[PDB]
Each structure stands twice: as C-alpha cells, then as structure tokens.
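Read the structure below first, then the notes.
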Amino acid sequence: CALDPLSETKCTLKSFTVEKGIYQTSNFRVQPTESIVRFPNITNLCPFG
Amino acid sequence: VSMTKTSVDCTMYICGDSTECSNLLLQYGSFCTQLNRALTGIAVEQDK
C-alpha cells in the first residue's frame, strides 16, 4: 500500500486488478520545513540596572 | 448546468495537521470515506 502508486491504487480499490482510470489514492501535503517566531523587538528592558 | 466541483477531503477539514485528531477521526469508521466518495461522485456527475 506504500511501495508505489500502483500499490496505493490497489489498496484503495481493495482489488488486485485495477480498471483503467484515475483513482484518488491519498492526499499530497507539504510539511512545514522550519519554525520562525518574529516577535516585536523589546522596546525597553525592565529597570533591573 | 453544473457547479464548482468542490472536493472537500475531511481529514484536513475536521482536523488540521494534528495527528491525535486524525486518530480520533479514525475512530469514526467510514464517515470520511463516504463523504469523499459522495463529493467525488458529485464532481464526476458535474463533468458528466
């Protein structure tokens, strides 16, 4: 079911023979490549000094 | 004559990238399979 697109089609149709056509097998998805946190810069540090 | 062939998969609709939500949806047996088959039938019948 994950070796090749033919295998995915077979596992989606639940049949060893796949008829001639276009069958939706799964969903394409782009994972987030990285994480960014662009918070506003500190206007003023607290007066610990 | 026809409308937009919207095909809403629900694995991404009901649940975002959350895998726990994906499992919780997987508890429900074949709801999303029926929904997606119905919407694809709607789209194919729009083309037809």
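Below, the figures for the structure above:
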read-out	value
Any chance A:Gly21 is within 14 Å of chain B (Cβ to nearest Cβ), farther than 26 Å from B:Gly16 by Cα, loosely packed, with under 10 Cβ neighbours inside 10 Å and not hydrophobic (A, V, I, L, M, F, W, C)	yes
Top-ranked residue of region A:24-49 - restricted to ones that are of a type in the set (A, V, I, L, M, F, W, C) and away from chain B (no Cβ under 12 Å), ranked as nearest to the chain's Cα centre (by Cα)	A:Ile36
Every residue from region A:1-18 that is more than 11 Å from chain B (Cβ to nearest Cβ), of a type in the set (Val, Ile, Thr) and not in a loop (DSSP other than H, G, I, E, B)	A:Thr9
Qualifying helices (runs of 4 or more DSSP H) (wholly inside chain B; at least 3 residues being within 12 Å of chain A (Cβ to nearest Cβ), touching a residue at least 12 places away in the same chain (Cβ under 8 Å) and surrounded by 13 or more Cβ atoms within 10 Å (Cβ to Cβ))	B:31-47
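Here the Cβ is made from the backbone with ideal geometry for all residues, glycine too, and neighbour counts use every protein chain on show. Bear in mind these aren't lab numbers, they're just calculated from the coordinates by the rules spelled out.
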